[PDB]
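Asker: As you go down the protein sequences, you meet chains L and C in turn. So the first sequence is residues 92 to 194, 197 to 208, 219 to 307, counted in UniProt numbering. So the second sequence is residues 91 to 208, 219 to 307, counted in UniProt numbering. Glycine is no exception: its CB is placed at the ideal position from the N, C-alpha and C atoms. Structure incoming, see below.
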Amino acid sequence: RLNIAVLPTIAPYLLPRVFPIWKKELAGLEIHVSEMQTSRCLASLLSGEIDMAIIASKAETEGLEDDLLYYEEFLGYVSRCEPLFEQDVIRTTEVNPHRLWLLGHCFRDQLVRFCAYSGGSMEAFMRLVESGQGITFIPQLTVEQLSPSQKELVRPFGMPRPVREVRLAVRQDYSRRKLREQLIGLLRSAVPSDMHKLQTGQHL
Amino acid sequence: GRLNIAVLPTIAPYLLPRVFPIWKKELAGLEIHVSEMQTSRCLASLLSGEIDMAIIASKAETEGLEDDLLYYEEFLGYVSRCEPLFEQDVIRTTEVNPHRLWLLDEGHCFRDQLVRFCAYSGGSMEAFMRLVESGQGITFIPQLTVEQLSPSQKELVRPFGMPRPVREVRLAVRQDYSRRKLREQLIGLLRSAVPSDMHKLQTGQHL
Numbered sequence: 092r093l094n095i096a097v098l099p100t101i102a103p104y105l106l107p108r109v110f111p112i113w114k115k116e117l118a119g120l121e122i123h124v125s126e127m128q129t130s131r132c133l134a135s136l137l138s139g140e141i142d143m144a145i146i147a148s149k150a151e152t153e154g155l156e157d158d159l160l161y162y163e164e165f166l167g168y169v170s171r172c173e174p175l176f177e178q179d180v181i182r183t184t185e186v187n188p189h190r191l192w193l194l197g198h199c200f201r202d203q204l205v206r207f208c219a220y221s222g223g224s225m226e227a228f229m230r231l232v233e234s235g236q237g238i239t240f241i242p243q244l245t246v247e248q249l250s251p252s253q254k255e256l257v258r259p260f261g262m263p264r265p266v267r268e269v270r271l272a273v274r275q276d277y278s279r280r281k282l283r284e285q286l287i288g289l290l291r292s293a294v295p296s297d298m299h300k301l302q303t304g305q306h307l
Numbered sequence: 091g092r093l094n095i096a097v098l099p100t101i102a103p104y105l106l107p108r109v110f111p112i113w114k115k116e117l118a119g120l121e122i123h124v125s126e127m128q129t130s131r132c133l134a135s136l137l138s139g140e141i142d143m144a145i146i147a148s149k150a151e152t153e154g155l156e157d158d159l160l161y162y163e164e165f166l167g168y169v170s171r172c173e174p175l176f177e178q179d180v181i182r183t184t185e186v187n188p189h190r191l192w193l194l195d196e197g198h199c200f201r202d203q204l205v206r207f208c219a220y221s222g223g224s225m226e227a228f229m230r231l232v233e234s235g236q237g238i239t240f241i242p243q244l245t246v247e248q249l250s251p252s253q254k255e256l257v258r259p260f261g262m263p264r265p266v267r268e269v270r271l272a273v274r275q276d277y278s279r280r281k282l283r284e285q286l287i288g289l290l291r292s293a294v295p296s297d298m299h300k301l302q303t304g305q306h307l
């Protein structure tokens with residue numbers, strides 16, 4: 092049995108894709124997902140309670156390697172009552188500070206960088232925008248798991264458009280290493296190929 | 091004024107979007123901060139003094155906490171196309187198998203009310229709803245959610261068999277507090293933010 096870990100910002104979008112692959116390509120191994128924050132993921136890889144983690148960054152912590160899986164682009168999610176609804180692309184510096192939502198843990202880190220509700224959860228903000236009040240950002244992978252009436256309510260970023268990088272982070276002192284290779288290959292296989300090679304116009 | 095309301099993850103995404111537009115108007119000039127938090131942490135923060143009120147899922151239960159009733163919220167099945175329950179128009183409480191079910195582990199009033207009334221731990225609400233949409237498993241969900249669902253999501257809900265289970269949203273604060281004038285404003289207001297049908301326990305409703 093192995094135990095993979097995942098961040099709330101990736102889990103609900105990746106997992107629905109990956110689970111079937113775990114049944115076919117591996118064959119019955121007691122795998123289970125465990126949702127956890129980016130900071131606790133790392134600490135738990137070190138502590139030994141967890142064996143593997145799909146995280147949003149590199150580790151940069153002794154005793155942890157981290158191999159890259161794929162790239163996932165941030166996109167604007169702009170509510171109906173905004174002046175941005177008219178534009179077809181998010182100008183990085185034409186937004187309003189008194190209506191954006193964000194989560197400390199990898200989502201604000203990349204977005205607040207250039208930019219009354221803390222401890223949030225993706226869906227809540229995503230719904231506020233659907234309601235017609237505010238803006239929030241979203242991982243590209245998610246936009247296609249939206250109803251058609253939902254999808255019209257997204258807008259791409261303007262080049263150079265910001266992007267995060269999902270990666271699988273593990274501890275150097277790992278026993279079954281054979282697997283780390285297997286799992287890495289499957290996870291990259293879980294998402295389409297089109298967002299695996301950094302194209303022109305992506306600068307973190 | 092600098093009230094701090096708390097909400098559970100199972101209420102925040104459904105109730106909050108309702109209140110905020112209403113909260114801009116009636117409570118004019120108040121620097122509020124809403125914060126998603128567990129029910130146990132809610133109470134633990136009610137006592138410490140960092141937050142004044144919590145929209146919670148049960149009675150307050152524990153000396154020093156009052157709780158006024160807000161509303162009642164019914165659970166519904168959320169069943170994937172590849173489940174055998176899709177065939178029924180209602181979930182018989184005891185015709186489901188625990189090999190394709192998901193839930194918010196063993197804590198908080200999604201599990202608190204359901205395992206009592208019944219691999220993926222440390223769960224997250226949204227993850228379960230989308231996973232079922234993919235075609236793998238079942239999870240149950242508070243009625244309020246269904247009101248924000250498109251036609252394709254809505255097609256794959258199946259209610260509970262009567263008596264249908266229901267949880268109880270309430271507003272909880274510690275007595276030692278000045279602005280009761282406001283707190284009340286809040287109880288009636290939150291009640292006003294939601295549809296009318298969820299104020300009176302209807303017929304075929306339990307807990």
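Whose CA, out of L:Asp297, L:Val269, L:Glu126, lies closest to the CA of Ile287 (chain L)?
Answerer: As a first step, residue 287 (chain L) must be located in the first sequence, where it is residue number 184. Nearest C-alpha to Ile287 (chain L): L:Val269.
Asker: For chain C, find out if any of its Cβ atoms is closer than 8 Å to the Cβ of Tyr220 (chain L); answer yes or no.
Answerer: Against the first sequence, residue 220 (chain L) aligns to sequence position 117. It does: the Cβ of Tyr220 (chain L) has a partner Cβ on chain C nearer than 8 Å.
Asker: Are the C-beta of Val124 (chain L) and some C-beta of chain C separated by less than 8 Å?
Answerer: On the first sequence, residue 124 (chain L) is found 33 positions in, with the first residue counted as 1. Yes - at least one Cβ of chain C is within 8 Å of the one on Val124 (chain L).
Asker: Can you say whether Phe207 (chain L) is buried or exposed, counting buried as having 16 or more other CB atoms within 10 angstroms of its CB?
Answerer: What you label residue 207 (chain L) is simply residue 114 of the first sequence in a count that begins at 1. Counting Cβ neighbours within 10 Å, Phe207 (chain L) comes out exposed, since fewer than 16 surround it.
Asker: Secondary structure at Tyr220 (chain C), three-state DSSP: helix, strand or coil?
Answerer: In the second sequence, residue 220 (chain C) corresponds to position 120, counting from 1. Here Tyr220 (chain C) sits in strand by DSSP.
Asker: List, in chain order, every chain C residue whose beta-carbon is nearer than 7 Å to that of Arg230 (chain L).
Answerer: Numbered from 1 along the first sequence, position 127 holds the residue referred to as residue 230 (chain L). Residues of chain C passing the Cβ test: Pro103, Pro107, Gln248.
Asker: Spatial neighbours of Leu120 (chain C) within its chain, please: CB distance less than 7 Å, with the 5 preceding and 5 following residues excluded, ordered by chain position.
Answerer: Along the second sequence, read from residue 1 onward, the residue named residue 120 (chain C) stands at position 30. Excluding positions up to five away in sequence, the list reads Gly91, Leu93.
Asker: Establish whether the CB of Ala118 (chain C) and some CB of chain L are separated by less than 8 Å.
Answerer: Translated into positions along the second sequence, residue 118 (chain C) becomes position 28. So no, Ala118 (chain C) is outside the interface.
Asker: Restricting to runs no shorter than 3 residues, where is the beta strand (DSSP E) found entirely within the region 253 to 303 of chain C?
Answerer: Runs of the beta strand (DSSP E) lying entirely within the region 253 to 303 of chain C, each at least 3 residues long, are 257 to 259, 264 to 273 in chain order.
Asker: Can you check which of these residues, C:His189, C:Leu289, C:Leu256, C:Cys132, is closest to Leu155 (chain C) by C-alpha distance?
Answerer: Counting from one through the second sequence, the residue named residue 155 (chain C) turns up at place 65. Nearest C-alpha to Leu155 (chain C): C:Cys132.
Asker: Along chain C, which residues have their Cβ under 9 Å away from the Cβ of residue 354 (chain L)?
Answerer: Since the first residue shown for chain L is 92 and the last is 307, residue 354 (chain L) is missing from the structure and cannot be characterised.
Asker: If we ignore side chains and look at the alpha-carbon of each, how far apart do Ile122 (chain L) and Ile101 (chain L) end up?
Answerer: Counted from its first residue, the first sequence places residue 122 (chain L) at position 31. Counted from its first residue, the first sequence places residue 101 (chain L) at position 10. Distance between the alpha carbons of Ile122 (chain L) and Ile101 (chain L) is about 18 Å.
Asker: Tell me, to the nearest whole angstrom, how far the beta carbon of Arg274 (chain L) is from that of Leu136 (chain L); I am working on the premise that it is less than 8 Å.
Answerer: Here residue 274 (chain L) corresponds to residue number 171 of the first sequence, with the count starting at 1. Here residue 136 (chain L) corresponds to residue number 45 of the first sequence, with the count starting at 1. Between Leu136 (chain L) and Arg274 (chain L) the Cβ distance is about 5 Å, and since that is below 8 Å, they are a contact.
Asker: Once the 5 residues before and after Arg171 (chain L) are set aside, which same chain residues still bring their CB inside 6 Å of it?
Answerer: Residue numbering aside, residue 171 (chain L) sits at position 80 when the first sequence is read from its first letter. These residues qualify, in order along the chain: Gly235.
Asker: What number of angstroms, rounded off, separates the C-alpha of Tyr162 (chain C) from the C-alpha of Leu244 (chain C)?
Answerer: By 1-based counting over the second sequence, the position of residue 162 (chain C) is 72. By 1-based counting over the second sequence, the position of residue 244 (chain C) is 144. Whole-angstrom Cα-Cα distance: 10 Å.
Asker: Please list, in chain order, all residues of the same chain as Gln305 (chain C) whose beta carbon is under 6 Å from its beta carbon, the five residues on each side excluded.
Answerer: Position 205 of the second sequence, counting from 1, holds the residue named residue 305 (chain C). Contacts found: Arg264, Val266.
Asker: To test your reading of the DSSP string, which unbroken beta strand (DSSP E) runs of 3 or more residues are found completely within the region 123 to 174 of chain L?
Answerer: 123 to 126, 143 to 146, 155 to 169
Asker: With three or more C-beta pairs closer than 8 Å as the rule, is the region 290 to 300 of chain L touching the region 173 to 188 of chain L?
Answerer: no
Asker: Going along chain C in order, which residues have a C-beta closer than 7 Å to the C-beta of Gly223 (chain L)?
Answerer: Along the first sequence, read from residue 1 onward, the residue named residue 223 (chain L) stands at position 120. Per Cβ cutoff of 7 Å: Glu126.
Asker: Mind checking who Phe240 (chain L) pairs with in its DSSP beta bridge?
Answerer: The sequence position of residue 240 (chain L) within the first sequence is 137, counting from 1. Answer by DSSP bridge pairing, in chain order: L:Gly167.
Asker: What does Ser252 (chain L) reach in chain C if we use C-beta pairs closer than 8 Å?
Answerer: For this step, residue 252 (chain L) is matched to residue 149 along the first sequence. From the beta-carbon of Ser252 (chain L), the residues of chain C found nearer than 8 Å are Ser250.
Asker: Under 8 Å by Cβ, that's how I've got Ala144 (chain L) and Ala272 (chain L) pegged, so tell me the actual separation to the nearest angstrom.
Answerer: The residue given as residue 144 (chain L) occupies position 53 in the first sequence. The residue given as residue 272 (chain L) occupies position 169 in the first sequence. Indeed they touch by this definition, with Cβ atoms about 5 Å apart.
Asker: Alpha carbon to alpha carbon, how far is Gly223 (chain L) from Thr239 (chain L)? Give it in angstroms, no decimals.
Answerer: Indexing the first sequence from 1 puts residue 239 (chain L) at position 136. Indexing the first sequence from 1 puts residue 223 (chain L) at position 120. Distance between the alpha carbons of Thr239 (chain L) and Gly223 (chain L): 12 Å.
Asker: If you drop the 5 nearest sequence neighbours on each side, which residues of the same chain put their C-beta closer than 6 Å to that of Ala150 (chain L)?
Answerer: Your numbering for residue 150 (chain L) matches position 59 in the first sequence. Shown here for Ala150 (chain L): same chain residues with a beta carbon closer than 6 Å to its own, the five before and five after excluded, namely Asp157, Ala272 in chain order.
Asker: Can you find a C-beta in chain C that's less than 8 Å from the C-beta of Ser296 (chain L)?
Answerer: Here the question's residue 296 (chain L) lines up with position 193 in the first sequence. Closer than 8 Å: no.
Asker: Are the CB atoms of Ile181 (chain L) and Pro259 (chain L) within a distance shorter than 8 Å?
Answerer: Here the question's residue 259 (chain L) lines up with position 156 in the first sequence. Here the question's residue 181 (chain L) lines up with position 90 in the first sequence. Yes, they are a contact pair.
Asker: Can you tell me which of the three DSSP states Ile95 (chain L) falls into?
Answerer: Locating residue 95 (chain L) in the first sequence gives position 4, where the first residue counts as 1. The three-state reading of DSSP puts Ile95 (chain L) in strand, counting E and B together.
Asker: If we cut at 8 Å on Cβ distances, does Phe165 (chain C) have a partner in chain L?
Answerer: For this step, residue 165 (chain C) is matched to residue 75 along the second sequence. Judged by the 8 Å Cβ criterion, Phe165 (chain C) is not in contact with chain L.
Asker: Is any beta-carbon of chain C found at less than 8 Å from that of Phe110 (chain L)?
Answerer: Working through the first sequence from its first residue, we reach residue 110 (chain L) at position 19. Flagged as an interface residue toward chain C: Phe110 (chain L), by a C-beta distance shorter than 8 Å.
Asker: Could you say which of L:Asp142, L:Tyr277, L:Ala147, L:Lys281 lies nearest to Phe200 (chain L) if we only look at CA atoms?
Answerer: In the first sequence, residue 200 (chain L) corresponds to position 107, counting from 1. Closest option to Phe200 (chain L), Cα to Cα, is L:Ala147.
Asker: Taking only three categories from DSSP, how would you classify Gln203 (chain L)?
Answerer: Position 110 of the first sequence, counting from 1, holds the residue named residue 203 (chain L). Reduced to three states, the DSSP call for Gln203 (chain L) is helix.
Asker: Express the C-alpha separation of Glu226 (chain C) and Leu194 (chain L) in angstroms, rounding to a whole number.
Answerer: In the first sequence, residue 194 (chain L) corresponds to position 103, counting from 1. In the second sequence, residue 226 (chain C) corresponds to position 126, counting from 1. Taking the straight line joining both Cα atoms gives about 15 Å.
Asker: Quick one: does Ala227 (chain L) have its CB under 8 Å from some CB of chain C?
Answerer: If you number the first sequence from 1, residue 227 (chain L) lands on position 124. It does; some Cβ of chain C falls within 8 Å.
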